[PDB]
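Listed below, chain by chain, are the residues.
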Amino acid sequence: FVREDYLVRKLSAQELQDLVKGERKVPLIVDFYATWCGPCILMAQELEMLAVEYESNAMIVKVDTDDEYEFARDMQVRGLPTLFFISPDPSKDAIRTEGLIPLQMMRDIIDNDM
Amino acid sequence: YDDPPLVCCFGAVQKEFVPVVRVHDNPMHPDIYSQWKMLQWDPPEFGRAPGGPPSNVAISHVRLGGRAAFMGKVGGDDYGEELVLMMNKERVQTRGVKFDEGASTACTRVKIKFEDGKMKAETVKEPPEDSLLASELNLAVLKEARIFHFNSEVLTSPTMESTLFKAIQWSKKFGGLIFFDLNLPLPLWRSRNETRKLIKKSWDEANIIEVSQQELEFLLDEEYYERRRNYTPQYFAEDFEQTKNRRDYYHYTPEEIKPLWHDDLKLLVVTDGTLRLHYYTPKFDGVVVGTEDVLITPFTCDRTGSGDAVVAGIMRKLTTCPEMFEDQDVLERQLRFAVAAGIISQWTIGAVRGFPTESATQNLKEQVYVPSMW
Amino acid sequence: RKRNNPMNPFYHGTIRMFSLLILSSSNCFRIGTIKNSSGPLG
Amino acid sequence: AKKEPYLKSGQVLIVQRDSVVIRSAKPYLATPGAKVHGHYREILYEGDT
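Presented here is an overview of the structure given in this document.

1. Re the overall build of chain A
And step 1. Helix and strand content of chain A: 4 helices and 5 strands.
And step 2. Listing each helix as α and each strand as β along chain A from the N terminus yields β-α-β-α-β-α-β-β-α.
And step 3. Computed over C-alpha atoms, the radius of gyration of chain A comes to 13 Å, within 12% of the 13 Å expected from 2.2 N^0.38 for 114 residues, which places it in the range of a compact globule.
And step 4. Oriented by its inertia axes, the alpha-carbon framework of chain A measures out at about 35 × 35 × 30 Å.

2. Considering the packing of aromatic side chains
And step 1. Going through the model one piece at a time under the given rule, you end up with 18 aromatic pairs over all chains.
And step 2. With 5.5 Å between their ring centres and 65° between their planes, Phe32 of chain A and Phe84 of chain A make a pair best called edge-to-face. Of this pair, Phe32 of chain A sits in strand β2 (residues 28-33) while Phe84 of chain A sits in strand β4 (residues 82-86), and the two are 52 residues apart along the sequence. No difference in accessibility class separates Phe32 of chain A from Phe84 of chain A, as the two residues are buried.
And step 3. Across from the ring centre of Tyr369 of chain B, 5.5 Å away, lies the NZ or CZ of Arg336 of chain B, which sits over that ring.

3. As for the arrangement of the chains
And step 1. Comparison of the 4 pairs of chains in contact shows the highest number of contacts for chains A and B.
And step 2. There is a gap between chain A and chain C: no contact, and a shortest C-alpha distance of 32 Å.
And step 3. If you take every C-alpha in chain A and every C-alpha in chain D, the smallest gap between them is 36 Å, and the two do not touch.

4. Here we look at the pairing of strand β11 (residues 285-289) of chain B
All names here are of chain B.
And step 1. Burial along β11 is one-sided: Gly286 and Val288 are buried, and none of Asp285, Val287 and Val289, which face the opposite way, are.
And step 2. The sheet contact formed by strand β10 (residues 276-280) and β11 spans 5 bridges and is antiparallel. In the strand pairing of β11, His278 is matched with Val287.
And step 3. Count of turn residues in the β10/β11 antiparallel hairpin: 4 residues.

5. A few points about a nonpolar patch on the surface
Residues and elements named next belong to chain C.
And step 1. A surface patch of nonpolar side chains, amounting to about 410 Å² of accessible area, comprises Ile15, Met17, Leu20 and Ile22.
And step 2. Where the nonpolar patch is concerned, the elements lending two or more residues are β1 (14-17) and β2 (20-23).
And step 3. Looking at where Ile15 falls in the secondary structure, it is placed in strand β1.
And step 4. Assessed through its relative accessible area of 54%, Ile15 is described here as exposed.

6. Notes on the environment of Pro53 of chain B
All names here are of chain B.
And step 1. Tracing the sequence through the fold places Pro53 in the loop between α1 (38-41) and α2 (54-63).
And step 2. Between the alpha carbons of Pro53 and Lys143 there is a distance of 23 Å; along the sequence they are 90 residues apart.
And step 3. Leaving out residues up to four positions away in the same chain, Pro53 has contacts with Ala12, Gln14, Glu16, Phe17, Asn151 and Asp308.

7. Comments concerning the sheet that holds strand β5 (residues 120-125) of chain B
And step 1. Pairing in this open sheet of 7 strands is mixed, and the strands run β1(A)-β3(A)-β2(A)-β4(A)-β5(A)-β4(B)-β5(B) from one edge to the other. Lying at the two open borders of the sheet, with one neighbouring strand each, are β1 (9-10) of chain A together with β5 of chain B.
And step 2. Where β2 of chain A and β4 of chain A come together, 5 bridges link them in antiparallel fashion. Paired with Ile29 of chain A across the two strands is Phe85 of chain A, which belongs to β4 of chain A.

8. Observations regarding the packing of helix α10 (residues 306-320) of chain B against helix α11 (residues 328-345) of chain B
All names here are of chain B.
And step 1. Interhelical geometry of α10 versus α11 gives an angle of 150° and a closest axis separation of 8 Å. The angle between α10 and α11 places the two elements in the roughly antiparallel class. Read as a crossing pair, α10 and α11 show a hand that is right-handed. Mapping the contact onto sequence places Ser306, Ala309, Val310, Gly313, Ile314, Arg316 and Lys317 in α10 and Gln334, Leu335, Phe337, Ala338, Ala341, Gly342 and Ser345 in α11.
And step 2. Residues belonging to the contact of α10 with α11 are distributed by class as follows: 7 nonpolar, 5 polar and 2 charged.

9. Some details on helix α13 (residues 358-368) of chain B
All names here are of chain B.
And step 1. Inspection of α13 places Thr361, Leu364 and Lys365 among the buried residues, and these make up the whole buried set. Taken around the axis of α13, the buried residues stretch over an arc of 105°, which confines them to a single face. Along α13, the residues that are exposed and aim more than 90 degrees away from the buried face are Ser359 and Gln367.
And step 2. Taken together, the buried residues of α13 touch α11.
And step 3. Sitting at the amino-terminal end of α13 is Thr357, which places a side-chain oxygen 3.5 Å from the backbone nitrogen of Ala360.

Reading the values: rules and limits
- Residues numbered from 1 in each chain as written, not as in the entry; some residues may be left out.
- Chains lettered and ligands numbered in written order.
- Part of a larger assembly, values for the part shown.
- Heavy atoms only, no water.
- Helix = DSSP H or I, 4+ residues; strand = E, 2+ residues; numbered from the N terminus.
- Rg over C-alpha atoms; globule rule 2.2 N^0.38 Å.
- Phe/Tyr/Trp six-rings, centres within 6.5 Å; stacked < 30°, edge-to-face > 60°.
- Buried < 20%, exposed > 50% of the residue type's maximum accessible area, 1.4 Å probe, protein only.
- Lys NZ or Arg CZ within 6 Å of the ring centre and 35° of its normal.
- Contact = heavy atoms within 4.5 Å.
- Pairing = 2+ DSSP bridges.
- Patch = residues over 30% accessible without salt bridge, like charges linked within 9 Å, V, L, I, M, F, W, Y side chains within 5 Å.
- Areas by Shrake-Rupley, 256 points an atom, 1.4 Å probe, with all protein chains shown as cover.
- Salt bridge = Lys/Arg side-chain N within 4 Å of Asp/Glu carboxyl O.
- Axes fitted to C-alpha atoms, helices over the stretch in contact; angles between N-to-C directions.
- Parallel < 35°, antiparallel > 145°, perpendicular 65-115°, else oblique.
- Left-handed = near helix turned anticlockwise from the far one by under 90°.
- Nonpolar A, V, L, I, M, F, W, Y, C, P; charged D, E, K, R; others polar.
- Arc of directions from axis to C-beta.
- Polar contact = N/O pair within 3.5 Å; in protein donor to acceptor, adjacent residues only side chain to side chain.

What follows is the structure, encoded as structure tokens:
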């Protein structure tokens, strides 16, 4: 009866691993964030807008570094905010971005590289 | 060569991107980011005055009245132009910025593996920010610049590390001072021994070093100082001040710092946010008392970039007041200027958006401190 | 009684009383023949 | 003593050879005709009259 206010789901490292190992058809965007990081407030609003634009044509998820610190380090996260763009084609390699990139830049990566 | 003397910032130009990431034990709601500002006014200790990319220091240095040039590489795409247009707007020299037309700015190609039942990534192609070559260095900048500034983020890239030490050789050949602003990224917090080996070569090449209290304790012994802070006398205090149960502002002795001291080091600064600035020289040492007030503006406070403003304020005074290295009273007065710059930087959302001007910083310094401390 | 009952072993501060107060470092602080030796005589 | 730092307010709790431990106390000045609320050694909580 009441629509939820937030579209981006928070996933554990174990849940994210199964999502990556499993079969996917849409691009997978993974956000690493922390509630204490100031720029993550700005990034959180951009990814919610990106989820609205890509209703079912993309899957937007987020991972907290306070809960999955070891997982983030193994994923080569050097700082926050960090985004991973994972293609549904298993041969293509993922794209890792750093910093508050513009919303249009995210769309170009998803459309042209994902 | 015009005045004020030029300063060169070396590394990657990025928008925001706080490098120093550790584990905090007080998380807010994972979705309601309107609660996250409460962590800006009760921050983790490693995030009291966070640093950032070297382009933040260059921008902040120019706003404080200095002149700065950025040395690095961006891609030939649209986001690369936005970063360059950001630094040109802030009147940062960009002749040292090289374009790589075949690369995408701030984009790293990585491959995902599933080693030992866990998900890991390995770098396939580094971004243009971490791919500046030695043949691409602008030697006119390195000849003119009096301070060469870089962070430890360049040590995470094999290409930049080789390029970094060629830039240092040229800068020293031309008489420039080397400023190492540590700002340890996430990987370098894993273990003390691996990090000390990784940074030792760049540590020895530096004439000026700025580290946070958390970085310094991590490099020497993290558990010893944590035990030291948590000690409470069982029966009575050793002095009246110990009864007040005040915050710990421990000043490290030069003998504790000795494992990190070398011959060419002129000034070591240890920052406890903007609250304390511990300074160490070959002849003397001491602490500058500062302050912070983010609760004065609870809805616009943002600590990101305040570490860069403090570093920029130090370089602004070092270039124009060379006697800071030898006079303790002069050094303390000039460091209060850096304290004021850090305070103002915490009053605005966004690092670049909130960097203060010289007159605003000078005004706050005279308002906060009594006239005898100016 | 215990038998009427209706975890399995197989599976700072100094008190000042006269009313109780606690004394600790938060309210107390410091301001700074053979040779004869102290000991028992028998 | 002239060569010594000034003392803090309180009562001498411990006496040793070269040091003294003080229990912190705060004096209040009261004029004739004033009224004290409490017997001797009566416990007073913060904010009590």
